[PDB]
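# A look at the structure
Now for the letters of each chain:
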Amino acid sequence: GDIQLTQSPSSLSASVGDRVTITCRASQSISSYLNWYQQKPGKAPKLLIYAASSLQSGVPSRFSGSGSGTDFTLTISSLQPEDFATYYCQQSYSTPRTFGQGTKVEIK
Amino acid sequence: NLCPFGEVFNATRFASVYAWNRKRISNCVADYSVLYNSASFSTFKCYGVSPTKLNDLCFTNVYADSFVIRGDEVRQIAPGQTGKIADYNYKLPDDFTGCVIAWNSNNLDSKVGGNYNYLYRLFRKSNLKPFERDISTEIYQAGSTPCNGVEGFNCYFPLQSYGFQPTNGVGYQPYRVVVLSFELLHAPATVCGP
Amino acid sequence: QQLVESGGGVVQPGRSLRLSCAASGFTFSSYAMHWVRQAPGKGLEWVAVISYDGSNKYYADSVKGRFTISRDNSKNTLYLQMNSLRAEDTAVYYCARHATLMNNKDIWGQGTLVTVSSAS
């Protein structure tokens, strides 16, 4: 069958300077093949982490990924006023690819 | 004639090592003097017979092929060594004649905001045959699970970029390695110095 | 560097609408490319791949409507024809790319609305 994703929590209304851990859990053991995206609603999904443990150009280490197997972690640190948007995890293990349902970090 | 060393060595755009440019040169004359009089070149070595001797000792048909690699991996470029550029990207033969000409182009290639034009091949299911490029960008399947053209698990993408900025250290600076390779045949010495 | 899309619009159900998406800056040719879907308020749902470096086409069986995908590689463009429509597919589509642990090439189009309805 398909590979189920489990993104938890699906929203978290947050405040300035937080350290939010947006978890993406997996139904199977996926090596590291999971990503993260920035989407303000109406934008293009700006990639944040590739292979679940590596940063990206333009995106400083206020975001920080880790995890493997089933358990994957979005380590947002020192939460910035521009970082409040709708985010996503991502498998690339098998075909079909599925994405998480999204986690909207938003101002409390 | 004249051989286009002002068009090869002062050229404006070298490709990467996954698709390196090759220029068969013959029927002209060699300007081997200013090669040594250049003296802005980091790693400049030769083979076959001595570099002072090669001014007149001349060639049937030369192959001038050039590319851009990293400042650390250039020691991989040597006839009969290992490492990624000589393993899967560009292969000097077992018996080689030509010169490896290598210098830095940090003021051109590495750009602020990031240089990611350049590429290379990181994997292939065998070591590379000598002087044969590999432009086939299909997915290699390391594990047995067939990905079949699209990416997936046990399989990776073939190519990868370099990361060039002038924020790099001196070991990570881009070299515009041009390689000159020579031969001798029943054909006459069509390219020959003074 | 940049992706452009064919025009979205209101189409009656059961019909077909070819989707064009042209690249710029670097070619389509050496890479794969994807399509994804975003319904308003809904998550990003992957649709279908293209794989030019051999030739193979994979579709989501969640929305298995024979939405056909092929190329115009020499224009760095990609064509997926909207076949066997149904109204819940009314959404915005994106041209996509996945960093598969090797690259960082995830480039996304601007987004155009496909609408599946009998009421224009």
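Residues numbered from 1 in each chain as written, not as in the entry; some residues may be left out. Chains lettered and ligands numbered in written order. Heavy atoms only, no water. Residues with missing side-chain atoms left out of burial classes, pairs and counts.

Per the deposited record, the coordinates in this entry were obtained by cryo-EM to a resolution of 3.9 Å.

Each helix and strand counted, chain A has 0 helices and 8 strands in total. The C-alpha atoms of chain A give 13 Å as radius of gyration, which agrees with the globular expectation for 108 residues (13 Å, within 12%). Each principal axis of the C-alpha atoms in chain A carries an extent, and together these give about 40 × 25 × 20 Å. Split into buried and exposed, the 108 residues of chain A put 48% on the buried side. (Helix = DSSP H or I, 4+ residues; strand = E, 2+ residues; numbered from the N terminus. Rg over C-alpha atoms; globule rule 2.2 N^0.38 Å. Buried < 20%, exposed > 50% of the residue type's maximum accessible area, 1.4 Å probe, protein only.)

Before going further, it helps to spend a moment on the overall build of chain C. Across its full length, chain C holds 0 helices and 9 strands. Helices and strands in chain C line up, N terminus first, as β-β-β-β-β-β-β-β-β. Taken over the C-alpha trace, chain C has a radius of gyration of 14 Å; the compact-globule value for 120 residues is 14 Å, and the two agree within 12%. In terms of overall dimensions, chain C has a C-alpha envelope of 45 × 30 × 25 Å along the principal axes. Put simply, 51% of the contacts in chain C that link residues at least 6 apart link residues at least 24 apart. (Contact = heavy atoms within 4.5 Å.)

Quick look at the side chain of C:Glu5 now. All names here are of chain C. For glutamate 5, the position within the fold is in strand β1 (residues 2-5). Within the local environment of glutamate 5, its side chain forms a polar contact with the backbone nitrogen of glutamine 110, the two atoms lying 3.3 Å apart. Reaching out from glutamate 5, the side chain makes a polar contact with the backbone nitrogen of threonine 112 at a distance of 2.7 Å. Not counting chain neighbours up to four residues away, the residues in contact with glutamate 5 comprise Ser20, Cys21, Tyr93, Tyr94, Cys95, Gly109, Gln110, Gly111 and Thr112. (Polar contact = N/O pair within 3.5 Å; in protein donor to acceptor, adjacent residues only side chain to side chain.)

Taken together, the contacts link 21 residues of chain A with 17 residues of chain C. At the level of elements, β4 (34-39) and β7 (86-91) of chain A are the ones that each hand at least two residues to the side of chain A that touches chain C. No other element matches the 3 residues that β4(A) contributes to the side of chain A that touches chain C.

Moving on, we come to the interface of chain B and chain C. Tallying the contact residues gives 14 residues for chain B and 15 residues for chain C. Regarding the contact of chain B and chain C, the summed buried area is about 1,300 Å², with carbon and sulfur atoms giving 60% of it. Sorting the residues of chain B by area buried against chain C places B:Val150, B:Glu151 and B:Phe157 first, and these three jointly supply 43% of that buried surface. Run the count over chain B and chain C and you get 0 salt bridges. Where chain B meets chain C, there are 3 residue pairs in polar contact. Grouping the amino acids of the side of chain B that touches chain C by side-chain chemistry returns 7 nonpolar, 5 polar and 2 charged. (Buried area = accessible area lost by both parts, 1.4 Å probe. Salt bridge = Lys/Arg side-chain N within 4 Å of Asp/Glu carboxyl O. Nonpolar A, V, L, I, M, F, W, Y, C, P; charged D, E, K, R; others polar.)

Once that is clear, we can look at the sheet that holds strand β4 (residues 32-38) of chain C. All names here are of chain C. The strand order across the open sheet formed by 5 strands is β2-β9-β8-β4-β5, and the pairing between neighbours is mixed. If you trace the sheet from one side to the other, it starts and ends with β2 (9-11) and β5 (44-51), each paired once. The sheet shows a mean angle of 25° between the axes of neighbouring strands, taken without regard to direction. Here strand β8 (residues 91-96) pairs with strand β9 (residues 112-116) via 3 bridges, running antiparallel. Each residue of the ladder has a partner; that of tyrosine 93, found in β9, is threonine 112. (Pairing = 2+ DSSP bridges. Axes fitted to C-alpha atoms, helices over the stretch in contact; angles between N-to-C directions.)

This part is about the pairing of strand β3 (residues 62-69) of chain B. Residue and element names in this part refer to chain B. When you tally the buried positions in β3, you get 7 out of 8 residues, the bulk of the element. Direction of pairing for strand β1 (residues 21-25) relative to β3: antiparallel, over a ladder of 5 bridges. Bridged to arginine 24 within β3 is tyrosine 63.

Of note, the amide linkage connecting A:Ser8 to A:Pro9 takes the cis form, showing an omega dihedral of -10°. Within the element layout of this structure, A:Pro9 appears in the loop between β1 (5-8) and β2 (11-14). Each neighbour pair has its own omega, and for A:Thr95 with A:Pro96 the value is 5°, a cis peptide bond. Counting through the fold element by element, A:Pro96 comes out in the loop between β7 and β8 (103-107). The backbone phi angle of A:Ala51 is positive, close to 55°, even though this residue is not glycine. Residue position: A:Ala51 is located in the loop between β5 (46-49) and β6 (63-76). Despite not being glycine, C:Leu101 has its phi angle at roughly 70°, a positive value. With relative accessibility at 24%, the residue C:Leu101 sits in the partly exposed group.

This part takes up the pattern of salt bridges. Overall, the coordinates contain 10 salt bridges over all chains when judged by the stated rule. Here A:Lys104 makes a salt bridge to A:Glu106, at a shortest N to O gap of 3.8 Å. Residue A:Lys104 is classed as partly exposed on the basis of its relative accessible area, which comes to 39%. One salt bridge connects B:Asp134 with B:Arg121, and the closest N-O pair in it is separated by 2.9 Å. Highlighted residues: B:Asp134 in the loop between β5 (119-121) and β6 (140-141) and B:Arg121 in strand β5, separated in sequence by 13 residues.

This part covers the packing of aromatic side chains. By the definition in use, this model includes 26 aromatic pairs over all chains. Between the aromatic rings of A:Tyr93 and B:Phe153, the centroid separation amounts to 4.3 Å while the plane-to-plane angle is 25°, which identifies the pairing as stacked. One end of the pair, A:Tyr93, is in the loop between β7 and β8; the other, B:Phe153, is in the loop between β6 and β7 (155-156), on a second chain. Aromatic pair B:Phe157 and C:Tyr31: ring centres 5.4 Å apart, planes at 20°, arrangement stacked. Remark: C:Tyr31 occurs in the loop between β3 (17-24) and β4 and B:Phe157 occurs in the loop between β7 and β8 (159-161); the pair is interchain, linking two chains. Taking relative accessible area as the criterion, B:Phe157 reaches 3% and is therefore assigned buried. (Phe/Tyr/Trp six-rings, centres within 6.5 Å; stacked < 30°, edge-to-face > 60°.)

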